[PDB]
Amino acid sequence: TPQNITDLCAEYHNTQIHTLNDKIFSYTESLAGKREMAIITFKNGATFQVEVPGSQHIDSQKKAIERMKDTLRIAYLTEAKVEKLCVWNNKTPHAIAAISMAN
């Protein structure tokens, strides 16, 4: 299995790594119908989403999407430094596939 987020990200099409090495600057979450999603930004302005669950997701990703939003909220609150994000770049904002945290 992948040793790290870079190797993981390279298993998928339409993905790229973002190297932030910074805490999350803003955390937004919505319960509005058809927009049950989270959005994060970094101080430089870069913005990322956790997509609404949809037909592009297999069933096993549903639990992981929920975990990711949990992760991002606690990371935000604790000011944890985000090392990298693996994202799908065929979406706007780019859609988070994975996160790594390291100080």
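Residue numbers run from 1 along the displayed sequence.
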**OP:** Would you mind comparing 83-91 and 7-15 for me and telling me which has the higher average C-alpha temperature factor in the entry?
**Re:** 7-15
**OP:** Can you let me know which of the two, 24-32 or 50-58, has the higher average C-alpha B-factor in the entry?
**Re:** 50-58
**OP:** Ordered by C-alpha B-factor within the chain, which third holds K43? Give me lowest, middle or highest, please.
**Re:** highest
Subject >> Chain third (lowest, middle, highest) by recorded CA B-factor, residue given as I96 >> reply: lowest
